[PDB]
Amino acid sequence: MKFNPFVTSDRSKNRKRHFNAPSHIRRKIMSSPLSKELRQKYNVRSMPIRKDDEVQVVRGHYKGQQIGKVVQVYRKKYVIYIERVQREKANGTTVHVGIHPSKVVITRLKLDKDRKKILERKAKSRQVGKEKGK
Amino acid sequence: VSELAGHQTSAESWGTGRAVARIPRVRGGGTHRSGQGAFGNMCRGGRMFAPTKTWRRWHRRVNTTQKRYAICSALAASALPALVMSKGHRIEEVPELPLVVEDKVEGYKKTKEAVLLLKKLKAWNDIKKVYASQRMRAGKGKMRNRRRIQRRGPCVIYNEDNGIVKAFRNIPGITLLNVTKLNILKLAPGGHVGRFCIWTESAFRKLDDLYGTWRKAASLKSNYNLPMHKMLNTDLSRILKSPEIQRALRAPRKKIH
Amino acid sequence: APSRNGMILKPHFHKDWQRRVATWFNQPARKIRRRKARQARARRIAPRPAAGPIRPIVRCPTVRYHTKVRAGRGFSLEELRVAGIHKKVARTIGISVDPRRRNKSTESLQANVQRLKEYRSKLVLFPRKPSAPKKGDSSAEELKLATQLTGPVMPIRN
RNA sequence: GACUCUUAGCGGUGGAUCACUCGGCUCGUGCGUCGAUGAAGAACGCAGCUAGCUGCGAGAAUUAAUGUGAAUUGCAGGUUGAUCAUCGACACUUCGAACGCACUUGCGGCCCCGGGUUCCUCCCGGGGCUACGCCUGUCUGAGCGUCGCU
RNA sequence: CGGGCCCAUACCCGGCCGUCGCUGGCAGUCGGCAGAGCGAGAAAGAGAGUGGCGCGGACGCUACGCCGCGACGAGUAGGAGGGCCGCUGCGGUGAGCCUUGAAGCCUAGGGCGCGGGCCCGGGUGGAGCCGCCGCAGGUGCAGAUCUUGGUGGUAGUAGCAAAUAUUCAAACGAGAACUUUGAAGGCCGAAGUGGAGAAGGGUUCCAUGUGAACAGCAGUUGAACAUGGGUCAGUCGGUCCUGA
RNA sequence: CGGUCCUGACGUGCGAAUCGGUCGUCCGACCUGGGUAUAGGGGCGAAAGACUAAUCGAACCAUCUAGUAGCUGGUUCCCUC
RNA sequence: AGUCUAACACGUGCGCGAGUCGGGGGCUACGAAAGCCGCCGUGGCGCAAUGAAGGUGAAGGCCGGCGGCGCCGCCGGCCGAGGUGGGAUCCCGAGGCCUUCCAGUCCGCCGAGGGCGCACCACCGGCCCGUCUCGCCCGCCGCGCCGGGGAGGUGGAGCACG
RNA sequence: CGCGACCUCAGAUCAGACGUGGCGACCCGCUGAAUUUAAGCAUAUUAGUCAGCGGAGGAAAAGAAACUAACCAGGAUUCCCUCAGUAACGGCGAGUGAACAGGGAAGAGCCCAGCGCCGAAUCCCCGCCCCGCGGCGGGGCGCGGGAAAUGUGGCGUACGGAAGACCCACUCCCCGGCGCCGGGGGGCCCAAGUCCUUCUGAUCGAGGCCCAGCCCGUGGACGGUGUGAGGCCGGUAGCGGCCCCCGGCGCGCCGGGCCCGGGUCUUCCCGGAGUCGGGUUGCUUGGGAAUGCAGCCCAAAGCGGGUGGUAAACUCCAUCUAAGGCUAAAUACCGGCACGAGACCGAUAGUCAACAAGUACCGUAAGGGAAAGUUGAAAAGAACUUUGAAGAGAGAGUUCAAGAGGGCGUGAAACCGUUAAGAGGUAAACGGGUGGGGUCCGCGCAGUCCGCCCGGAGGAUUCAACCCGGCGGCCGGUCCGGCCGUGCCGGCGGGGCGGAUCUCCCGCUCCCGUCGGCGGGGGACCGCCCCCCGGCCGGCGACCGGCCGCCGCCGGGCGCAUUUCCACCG
Ligand SMILES: [Mg+2]
Ligand SMILES: [Mg+2]
Ligand SMILES: [Mg+2]
Ligand SMILES: [Mg+2]
Ligand SMILES: [Mg+2]
Ligand SMILES: [Mg+2]
Ligand SMILES: [Mg+2]
Ligand SMILES: [Mg+2]
Ligand SMILES: [Mg+2]
Ligand SMILES: [Mg+2]
Ligand SMILES: [Mg+2]
Ligand SMILES: [Mg+2]
Ligand SMILES: [Mg+2]
Ligand SMILES: [Mg+2]
Ligand SMILES: [Mg+2]
Ligand SMILES: [Mg+2]
Ligand SMILES: [Mg+2]
Ligand SMILES: [Mg+2]
Ligand SMILES: [Mg+2]
Ligand SMILES: [Mg+2]
Ligand SMILES: [Mg+2]
Ligand SMILES: [Mg+2]
Ligand SMILES: [Mg+2]
Ligand SMILES: [Mg+2]
Ligand SMILES: [Mg+2]
Ligand SMILES: [Mg+2]
Ligand SMILES: [Mg+2]
Ligand SMILES: [Mg+2]
Ligand SMILES: [Mg+2]
Ligand SMILES: [Mg+2]
Ligand SMILES: [Mg+2]
Ligand SMILES: [Mg+2]
Ligand SMILES: [Mg+2]
Ligand SMILES: [Mg+2]
Ligand SMILES: [Mg+2]
Ligand SMILES: [Mg+2]
Ligand SMILES: [Mg+2]
Ligand SMILES: [Mg+2]
Ligand SMILES: [Mg+2]
Ligand SMILES: [Mg+2]
Ligand SMILES: [Mg+2]
Ligand SMILES: [Mg+2]
Ligand SMILES: [Mg+2]
Ligand SMILES: [Mg+2]
Ligand SMILES: [Mg+2]
Ligand SMILES: [Mg+2]
Ligand SMILES: [Mg+2]
Ligand SMILES: [Mg+2]
Ligand SMILES: [Mg+2]
Ligand SMILES: [Mg+2]
Ligand SMILES: [Mg+2]
Ligand SMILES: [Mg+2]
Ligand SMILES: [Mg+2]
Ligand SMILES: [Mg+2]
Ligand SMILES: [Mg+2]
Ligand SMILES: [Mg+2]
Ligand SMILES: [Mg+2]
Ligand SMILES: [Mg+2]
Ligand SMILES: [Mg+2]
Ligand SMILES: [Mg+2]
Ligand SMILES: [Mg+2]
Ligand SMILES: [Mg+2]
Ligand SMILES: [Mg+2]
Ligand SMILES: [Mg+2]
Ligand SMILES: [Mg+2]
Ligand SMILES: [Mg+2]
Ligand SMILES: [Mg+2]
Ligand SMILES: [Mg+2]
Ligand SMILES: [Mg+2]
Ligand SMILES: [Mg+2]
Ligand SMILES: [Mg+2]
Ligand SMILES: [Mg+2]
Ligand SMILES: [Mg+2]
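Chains as they are written, first to last, in the authors' numbering: chain Y, 1 to 134; chain C, 54 to 310; chain L, 2 to 159.
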């Protein structure tokens, strides 16, 4: 149950906020879970998706075990494009099929200084939380 | 509804003649909304019959004596297995219906150990019934933050708090109650009596002092004593088939003519 | 039109009464706000009585109530000068004063003087510079024991 | 056999019903802040492709800074921080209490600069002023108003 | 005047439905620990004491239930009672229903109820819905020259009739009564159907392209639609003056 | 500039006052553009209660206002007494 | 398209009851709910009416004596809060309810006649307040334009075990 | 004549400031109707209300008695309950209508003029120097300039004050800056299944995950994701974490202002005028021989003046001190900036406006003012072939579905086309009764069964009785033991509560360590209740334990087939 008297349970308000969130909030919404091995080796459960990460598709018509590289993150439509998840149009052109990041599992992150800083921050937060809990 | 809703327009009746129905019409204008019909409950737009007002008598008033009467009746009904099972609780494996546990329970702080306590007391089937009863509400209530519904489960009564509410509040269907602040709204949900109750030893001891006995009046109420019985022996069959009564009757006539 | 036996009534609803209808939907909010402000003031004035200054014994005016006592506005100047307290020091040390009150008899005056003497024997005074005590100031033994009391300081019971 | 009526199937016209809801209505809470340092309101302009809506002001779908940290997207285009959010520096067209006089966007006055002159006057451009009432102080005045000296 | 005959929801006999009355009957289902009853003209005991083998017996009674006797049944204005009649939302309850298919809609399908209505079957549809106990209401339409929206007959009908008038050939074009060019016949007739301005309109002006919509037939045409262009002042006027 | 008569045409018209023939006046109390003044119990009127933006024996716009109506119209399911 | 708010009247259901009611205030996600306060019951309504008002404000009798038959007071004591009629129910009981016949014992039932009578109804008395008439007595800090009392009529939205 | 003062009055694009206009939900001051009611209507009512005008704030206004009362008296203002639909007003009709006292929320008081005393002891501005500087302030210096004696500052204000004398007491106040110690706004974060199998176009559906009943839970609110998710994502809980900026409560420091009191006695001082009050007129009020306000005329006093709800004279009391000023809180809020929620409406509803809505459009103008939501999960929005000038078709393809084809969810009625069936000179249509034909249903087409007995064929762990063990139901006329009472009686018992039942000490005040008074604490008694002990009554059918007895059931033996039971046949 929610006890904070300054956040809503209003369905309409939550939908409006989600569909009108600015880009830097779209980034936070567009988060995907790391694989089992990455999760074990980083102590971090999820990471906002980036443009050049290897991922897998877990649900839908394109689910499988193949490793695909993200092509572009289309924040306006809340979908991401992978390098070989695509269908065939009528004329013969191949266009990409959008997939929600919540149905995708990250396989190998694109590391830079800021990404590493995010990972270490999340790891430290989970460590302090576990110390408090136990 | 809004007090000025349906009255924004300036509109007057066209009068008799011109083969229209004497209802007010919107004034002039080169638009569809022109001479169309403005005021009156039967027109599209315009006010309704008796616009609702905020000063309707929303709240009600009940005497303290009969509020306490109802609380006493609900507590009395909550100690009968027939009434509790009729209300629908799965109390078949419960050892004794006025379920009292020691005061160490009041010091729990983990939902896990609260769940273990419920499992050992064999009240877990009621929470499983609540899990089964979780479904989606019917009608236009979904669009108004009343999307999900579920069944009410057993109620926990504590004398004083040491983490009991923290431990139990996550489990569905559980209602934590202070012994000194019992309300009929949560003791007898839906207007029906016989909710399954789990008590603690200290609260159970204090309840007697709270509501008084037949001889001893309530000490935590300024002036209160338990309500009396209009008839004591409610065993009607036992009364009827007793020697003193059965002596003074005429012979039955059961010959159909 | 009256019909049969009834009681003919005079409803005062011939003005524009629906324009002025003061509802009470914010009553619980007002009660919460009042209680919160009460707690804020009580915690702000740290050791002082939460119900403000002491007030004297007062007879109700009219014949209908003249057998009952209650709490008045403040102590009278005759009562102060008989008790020995100064007009401008009484308010500082927490005694309600009004220069309007007369004293038509000795019994009320003496009762209020005795009440002032009891209160003066009862209060505890702090050094406004803690590192330096003074003459009429109390000692650390009671400075440690000082605490607020709820309700009126010296309740007026008949 | 034509035409007419009823019924059913199918197909039309039409948008009823049902289910949805980034909208309202009501209640409650906290705060409770405009303007001559130019407000509210109006007009006109600004995007590579842009009409309306939105944002903005000749620095014109924004600059600077802080935070976040890899995008925007309908089509093109070319990590020492793209985009968003915040917003404390800068900037802010013409009207409008609207302020040089009028309200055509017409006609001026004073001062100082750069073209002209080589200040000798014109003429061109730019910048700073040029409203009403009123308070304090300053300067210049007035009166067969009350006096004083000569 | 006589026999016979015909029939109303009236009268008689019978069945069923409901209402009213008897403020009628039933706790007695008292069973091997047992002994079957209270209906029959005429008050009140299946009264108690003291002396002279085989293990058996239907249904019933949601008492707000069930059962039995009689009588009765018109109805506007109006009153009252009962609705397991119907609609929307809330509190409880149904270990309720639901993508192996909810709501809604159609149905020469099968039924139930006096009725309000309801339940199944078939099809369509694609995401939610309902039963019982209580609570609440913006809660049930055939009418109001009712409001809004849509559709008919009239009806392929009335009409496309004020100001004299058209014709031949060719070109483009998928397509010509209407476009264009040439020829002929006509009209306005210099107070014009001519050439130019003021107020007013505001891009209608010019070229190309199109022929969805509009130009009450048609259009290869347009004041339509889409792309692009076009208004040059010391000496035309405003600007200045004053008039009411 | 005006509008007699045909009481003609039309009268869901070309037109919410138009058309035709016939008519009155045509150097004046003449016709007319622009500017300007008079505003609603007010203006203006060679005077018809005429005109004052298709509205005039008291314009138009918003509000008081959901004005009052002893008067017309309507008033939504079933059965039972 | 008979709604909501307020008032009133009666009828029904509930809690308490000569009392009842916290509605205003205060103390302690659902919860703006709930619980609690009694020296927070101030207050409202009810428990007393009547008069314009000053005001007044809801049973008596008997026994025995003294004084001014009877009446009044000092007294002491006792009875003590109506009556008539009709009244659902309850109480008593002349006798009787059989299995052969007699007597008597316990329980139960019926019943001539006779009673204590609920609520309510009618009638007759009584008491309180206003008013009228007739009358004589009583009290004293102030002896008075003082205070109190009786008998009989009549006016009241009164009393007569809430 | 000239010059110099002061007084009144001018001009400045003089130096430095200030006002204007907007919004207006709440507030303050004026102005002020008529619909309506009275069953007509004129006073009255509507109503000091709408319209109109002016002025602000975060609140405004009011506010510390020229008060209420008549008591054993209370004591600024504002708000709530009650007073009370009352006193009173009213063609005494319709109608209207307060306040005092009481209980509460809040609670805070003060300052001038005047009379006096202090060498104007007072204030503003320009210049330099030092510091501070986004609220223009502090300090030093000017034979610097003004304001002010037609009155500035200090003391001082009705509660009395001042001065002097006599006693007692005191060195704890405030600010300009500096340095130190621990709520608000913002940012980034912190649990657990995408486990196995199986449905589907797609899973968030269904089953399972043991003896740890998968894992987390201080987190099972919500939203998104291809239906329906506590564990996929954001979030949610937590006195959880980290990182930025701001304020207050405190700390010491430097400097600055100020050297500050009380009690008694004596001597002095002491107040607001065209105002009060009176007459008249008009409005207003519940205010009635005039409640408040305003105009005109008259027009004061100082043991005075106002008030004491009926006009007036006389006479006593009571109570305030008008004609000058400031002041927080409790209180109001349909505008504005953010929020949170709902037994509310669900696109003819809800705001006029769910959408390029005060928009399109209309009117010269003031103003008037709409209609309009939904493909799909994802455009995968139909390549390509072909007839036609083309709209538009026939094929092919996407999709789970085109039976979703760009006003495309579902797709009703009116109305229309076509197919099939039937019928057709008294318009059609309708009620009752049949007949005929259709489309469908019964998945009808050899007809019901259920128990007992006789007979015929068969097969069993197989019946009764008996033994062991377990459980259960009814009992012991009067078995032993317990518990309970809307039960009682005992008590040389131990207590909590209450009493409008009585009576040792302490505090207060009244007296020359004392007689006697008041409040409080201590004890006695009474009543209730809880507990320890004892004794009877009843119950255990809202509330039992062991033993014994009977009966019943179940499991296992032993029983072995004229018993019992299974399935068929007549
Ligand atoms: Mg939180
Ligand atoms: Mg509406
Ligand atoms: Mg529904
Ligand atoms: Mg009537
Ligand atoms: Mg049909
Ligand atoms: Mg539509
Ligand atoms: Mg549609
Ligand atoms: Mg543009
Ligand atoms: Mg930038
Ligand atoms: Mg940056
Ligand atoms: Mg001009
Ligand atoms: Mg019959
Ligand atoms: Mg009949
Ligand atoms: Mg009938
Ligand atoms: Mg869907
Ligand atoms: Mg509703
Ligand atoms: Mg209809
Ligand atoms: Mg024709
Ligand atoms: Mg024509
Ligand atoms: Mg001609
Ligand atoms: Mg021309
Ligand atoms: Mg021309
Ligand atoms: Mg052209
Ligand atoms: Mg055409
Ligand atoms: Mg030239
Ligand atoms: Mg000019
Ligand atoms: Mg004429
Ligand atoms: Mg004619
Ligand atoms: Mg005709
Ligand atoms: Mg005039
Ligand atoms: Mg004329
Ligand atoms: Mg005339
Ligand atoms: Mg007029
Ligand atoms: Mg009307
Ligand atoms: Mg009439
Ligand atoms: Mg009644
Ligand atoms: Mg200047
Ligand atoms: Mg202003
Ligand atoms: Mg009238
Ligand atoms: Mg009338
Ligand atoms: Mg009239
Ligand atoms: Mg009047
Ligand atoms: Mg009035
Ligand atoms: Mg107004
Ligand atoms: Mg402001
Ligand atoms: Mg103020
Ligand atoms: Mg004063
Ligand atoms: Mg009353
Ligand atoms: Mg009034
Ligand atoms: Mg008061
Ligand atoms: Mg208080
Ligand atoms: Mg002075
Ligand atoms: Mg979901
Ligand atoms: Mg699962
Ligand atoms: Mg899940
Ligand atoms: Mg979820
Ligand atoms: Mg997570
Ligand atoms: Mg998380
Ligand atoms: Mg008046
Ligand atoms: Mg004054
Ligand atoms: Mg004053
Ligand atoms: Mg809430
Ligand atoms: Mg619509
Ligand atoms: Mg709408
Ligand atoms: Mg719809
Ligand atoms: Mg609808
Ligand atoms: Mg639609
Ligand atoms: Mg949808
Ligand atoms: Mg489909
Ligand atoms: Mg579809
Ligand atoms: Mg459709
Ligand atoms: Mg058809
Ligand atoms: Mg046919």
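Beta carbons: idealized from backbone N, C-alpha and C, even for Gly.
Start and end of the beta strand (DSSP E) containing residue i?
i: C/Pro77; result: 77-79
i: Y/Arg108; result: 104-108
i: Y/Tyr78; result: Counting along the chain, Y/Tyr78 falls outside any beta strand (DSSP E), and DSSP gives it neither H nor E.
i: Y/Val73; result: 68-74
Can you pull the DSSP bridge partners for residue i?
i: C/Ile210; result: C/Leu230, C/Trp252
i: Y/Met47; result: Y/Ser32
i: Y/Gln86; result: Y/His96
i: C/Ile124; result: Per DSSP, none; premise fails for C/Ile124.
i: L/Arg60; result: L/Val70
Start and end of the alpha helix (DSSP H) containing residue i?
i: C/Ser66; result: C/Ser66 -> not in any alpha helix (DSSP H); beta strand (DSSP E) instead, spanning 64-66.
i: L/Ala72; result: That residue, L/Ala72, is in no alpha helix (DSSP H); its beta strand (DSSP E) goes 70-72.
Return yes when at least one heavy atom of ligand 2 lies under 6 Å from the C-beta of residue i, else no.
i: Y/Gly60; result: no
Are three or more beta carbon pairs between the stretch 140-150 of chain C and the stretch 226-235 of chain C nearer than 8 Å? no
Hey, is the stretch 205-223 of chain C in contact with the stretch 20-40 of chain Y, meaning 3+ C-beta pairs nearer than 8 Å? no
Closer than 8 Å is the cut-off here; do at least three beta carbon pairs connect the stretch 43-51 of chain Y with the stretch 72-83 of chain Y? With a cut-off of 8 Å, the stretch 72-83 of chain Y and the stretch 43-51 of chain Y count as touching, because enough Cβ pairs lie within range.
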